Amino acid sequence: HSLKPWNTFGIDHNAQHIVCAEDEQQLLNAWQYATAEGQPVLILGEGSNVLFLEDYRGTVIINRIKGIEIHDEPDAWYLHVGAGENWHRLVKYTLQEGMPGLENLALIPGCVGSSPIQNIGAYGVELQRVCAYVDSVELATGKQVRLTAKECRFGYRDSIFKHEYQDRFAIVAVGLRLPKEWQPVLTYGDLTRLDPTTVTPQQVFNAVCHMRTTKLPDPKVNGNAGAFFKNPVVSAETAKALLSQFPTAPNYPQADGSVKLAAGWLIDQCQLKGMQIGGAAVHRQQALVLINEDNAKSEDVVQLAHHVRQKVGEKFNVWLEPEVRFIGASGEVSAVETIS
């Protein structure tokens, strides 16, 4: 009954049934069975990006469809990875096997199947860079479907799976394309200290993990769902006004003039690091992460997020949007709405 083991935040709520699908038929069957009994279905990888708000009235299917195949192309390696594959383990594997290209995405929690959903990205790379396609099963018809990376409509923490294809499809495999001619991505932060000519894939991996281990909490210590909020993109005008009043604010100008701000900085500037509500707190090494400090209840997390958002809104007139998927009793609910 308990969802606690299934979400990295460690939120304790119940689901009517929790089922581990080792293969597609199992997943599809679990889905058919649950929906036939009129209940909603939720597919999870490692539950590292979800916040259960209350007991879930349906079935939660843990996607454990594993296996990896490697197709050889002159120019690149094509990986067809089961949705249930652990992402970080895949990264180490590819590096181990001499197929670099995933190093900047090292240590990001979750299953490979969930990687396209919010276009996992860090240290200058997003999954859209290496994603060839995504294969899913249309739950209603058992119709397997493939979407090219372009058809996935990848965006900043966004993809078609958060829209048109949410619920209708269960991702069962992800196709990655890793160029045989490796080109390191050293544009982000401390990676700029590395030399393109000398650096090896493992060296990037270590640099990336070093920054990650110093800033981000390990869920096995304190449950968390990573960055709780998306870095907001504001109008050039809002960005101008804000930077004039807060010059040192980290910002990332978009091609169209809008500017992305670092939500973590904004939260931090509100002296929020360490703030806690109930068993939940703002992580002190990366203010963007809300953690399960001491048997946090979901309401503690919701209230804390509300507080953080309000404070940042009142100081900078920038309104943060959660990056974590809020799961209500019958399915996903609006996160912003929940924390408003």
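For every residue, the number given is its place in the sequence shown, counted from 1.
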Query raised in the report: Between 190-198 and 204-212, which has the higher average C-alpha B-factor in the PDB entry?
Result: 190-198
Report task. Between 170-178 and 132-140, point out the one with the higher average CA B-factor as the PDB entry records it. Result -> 132-140
Query raised in the report: Which one of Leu53, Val282, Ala36, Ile65 shows the biggest C-alpha B-factor in the PDB entry?
Result: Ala36
Requested in this report: Could you tell me which one of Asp158, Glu237, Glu85, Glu126 shows the highest CA temperature factor in the PDB record?
Outcome: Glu237
Query raised in the report: Split the chain's modelled residues into thirds by Cα B-factor; is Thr338 in the lowest, middle or highest one?
Result: middle
Report task. Determine, from the deposited record, the chain-internal third of the Cα B-factor for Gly264: lowest, middle or highest. Result -> lowest
Query raised in the report: Once the chain's modelled residues are ordered by C-alpha B factor and cut into thirds, is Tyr78 in the lowest, middle or highest one?
Result: middle
Query - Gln32 - which third its CA temperature factor falls in, relative to the rest of the chain - result: highest
**Report entry** Chain third (lowest, middle, highest) by recorded CA B-factor, residue given as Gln271
**Finding:** middle
